[PDB]
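Structure, as structure tokens:
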Amino acid sequence: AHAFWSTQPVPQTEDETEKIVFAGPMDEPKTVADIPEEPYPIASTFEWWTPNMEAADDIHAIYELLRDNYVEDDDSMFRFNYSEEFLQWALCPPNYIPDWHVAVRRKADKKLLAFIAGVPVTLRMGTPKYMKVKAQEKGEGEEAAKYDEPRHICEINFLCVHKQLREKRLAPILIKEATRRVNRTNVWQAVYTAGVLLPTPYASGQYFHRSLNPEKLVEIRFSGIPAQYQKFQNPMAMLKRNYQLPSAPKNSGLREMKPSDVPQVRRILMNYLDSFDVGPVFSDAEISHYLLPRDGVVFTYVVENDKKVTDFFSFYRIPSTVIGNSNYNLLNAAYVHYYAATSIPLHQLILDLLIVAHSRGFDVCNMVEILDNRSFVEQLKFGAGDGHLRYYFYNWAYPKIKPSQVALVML
Ligand SMILES: CCCCCCCCCCCCCC(=O)SCCNC(=O)CCNC(=O)[C@H](O)C(C)(C)COP(=O)(O)OP(=O)(O)OC[C@H]1O[C@@H](n2cnc3c(N)ncnc32)[C@H](O)[C@@H]1OP(=O)(O)O
Ligand SMILES: Cc1cc(CN2C(=O)COc3cc(CCCCC4CCN(C)CC4)ccc32)no1
């Protein structure tokens with residue numbers, strides 16, 4: 011059962027979501043006035059704390075908690091080690107609400123014990139295309155389009171309870187207090203992703219990995235020698251040959267994005283994301299925030315020829331602590347972010363992505379099969395991983411969609 015999730019306004023089973031035909035709210039319509047003004051109760055030995063995610067030392071504290079206690083792969087070989095600069099970037103986009111950053115500490119000694127973060131996002135989340143066609147067949151076009159306008163909602167990420175405090179029903183409390191603070195801002199939906207199955211995803215995608223430094227990955231046990239590489243005299247030399255990349259990008263006029271590219275990159279990205287059922291809508295301020303280059307955090311390259319931006323790609327860095335190997339401290343992973351191609355095939359664009367990432371010392375390039383990411387898997391030699399990313403809404407009925415109809419990248 012789900013003692014917590016059964017009480018929440020989300021579809022409860024796969025069967026329920028097979029049935030949903032229109033996008034819309036699950037819950038009782040409510041007002042800010044209905045929502046408690048005071049934080050949710052918690053044990054006297056704890057307190058709620060709102061870190062200042064633009065203060066270096068508050069960023070450091072959250073950084074430590076995540077470094078030591080956040081997501082691990084299924085065999086606890088790797089643990090995400092999001093950097094402090096990455097955390098300030100992800101948690102402080104334009105018009106972020108400091109209150110949506112919710113921490114728990116031990117009252118006595120201010121020991122940091124748990125965290126959960128909300129940030130705003132304007133998301134297109136109306137009835138997906140395939141369901142609108144059915145709606146129109148049935149004369150229900152109006153019901154189907156009702157919630158088509160981009161909504162100002164909450165994106166939740168970074169939920170983390172300290173390893174000492176697991177299975178004490180703390181996470182429900184964080185979710186409740188997060189829900190309260192968001193409702194008090196008059197926001198009633200949230201979108202979240204997780205690598206675990208909860209009630210109930212609207213989309214689910216596999217993870218894909220493209221080795222950049224195969225000898226290191228094999229050492230740290232990220233990959234391993236496919237027993238078909240045992241056919242060969244020298245498995246390692248063949249593996250390096252298979253994954254070798256150009257040492258310089260191949261598209262003429264590739265360069266890093268600059269501030270004056272903002273409007274053009276906004277246009278081409280928004281034209282592209284508009285073709286997906288679920289996807290974010292970005293102002294210029296959000297385009298500069300989420301895509302302008304930031305050392306060690308986000309890297310974005312544009313194709314410009316005849317000074318017109320016709321193509322761009324972006325990736326962001328999340329290192330992972332290598333928990334089982336002491337020879338290497340870190341796995342240096344690059345994560346495919348947003349992109350758009352109008353002048354060249356997408357595999358040709360993302361090949362440059364791989365070249366840059368390799369060139370900058372990244373060990374592997376990861377992504378989920380959202381967007382048009384499947385369109386370059388084979389030719390660029392990405393392999394499916396163990397993981398799946400599951401997409402969820404809070405308080406929003408949504409029909410099942412393919413991951414290739416999801417245009418929202420989560421950090
Ligand atoms: C309108 C505004 C709405 C805003 C809120 C929207 C909702 C956002 C929801 C959050 C989106 C987060 C997106 C990300 O950041 S996903 C990343 C999650 N973080 C990690 O995996 C880090 C490693 N793990 C931990 O720190 C803890 O294990 C966590 C905190 C994950 C669970 O803590 P713990 O292991 O000590 O368990 P408990 O005894 O306290 O609680 C047990 C209950 O918690 C349910 N549970 C377990 N894992 C998750 C999970 N990832 N999302 C939602 N619920 C989860 C579980 O099914 C059970 O409920 P029920 O089955 O009894 O019913
Ligand atoms: C093996 C392996 C490990 C990695 C990097 N990684 C970690 O270090 C920690 O465990 C992981 C687990 C997953 C799948 C689960 C991802 C769930 C979160 C959900 C929270 N946010 C929005 C980002 C992704 C992908 C990559 C890693 N990539 O391949």
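With the authors' numbering, you'll find the sequence shown wraps up at 421, consecutive numbering, no jumps.
Note that the Cβ used here is the ideal one computed from N, Cα and C, for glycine as well.
Item: Whole-angstrom distance between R190 and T41, CA atom to CA atom; Value: 12 Å
Item: Test item: CB-CB of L169 and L184 under 8 Å; Value: yes
Item: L264 vs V319 beta-carbon contact at 8 Å; Value: no
Item: Buried or exposed (CB count within 10 angstroms, at least 16 for buried), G393; Value: exposed
Item: Closest by C-alpha distance to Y106, when choosing among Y300, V20 and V374; Value: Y300
Item: Beta-carbon contacts of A343 that lie in its chain and below 8 Å, excluding the five residues immediately before and after; Value: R327, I328, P329, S330, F372, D373, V374, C375 and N376
Item: Of the listed residues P245, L302 and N405, nearest to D271 (C-alpha basis); Value: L302
Item: Cβ-Cβ distance between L180 and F125 below 8 Å; Value: no
Item: Residue span of the alpha helix (DSSP H) that contains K142, given as start and end; Value: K139 to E147
Item: Residues of its chain near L255, where Cβ-Cβ distance is below 6 Å and the 5 sequence neighbours each way are ignored; Value: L364, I365 and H368
Item: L418 - DSSP class collapsed to helix/strand/coil; Value: coil
Item: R370 versus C164 - alpha carbon distance; Value: 33 Å
Item: C-alpha gap between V112 and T203, whole angstroms; Value: 18 Å
Item: Rounded straight-line distance, which links the Cα of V288 to that of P209; Value: 19 Å
Item: Reduced DSSP category for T23 - H, G, I as helix; E, B as strand; rest coil; Value: coil
Item: Whole-angstrom distance between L279 and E147, CA atom to CA atom; Value: 32 Å
Item: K250, enclosing alpha helix (DSSP H) - first and last residue; Value: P245 to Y253
Item: Buried/exposed call for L133, threshold 16 Cβ in 10 Å; Value: buried
Item: Per DSSP, cross-strand counterpart(s) of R194; Value: None; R194 has no bridge partner.
Item: Which listed residue (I333, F286, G128 and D305) has its alpha carbon closest to that of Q415; Value: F286
Item: Separation of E26 from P211, as counted between CA atoms; Value: 11 Å
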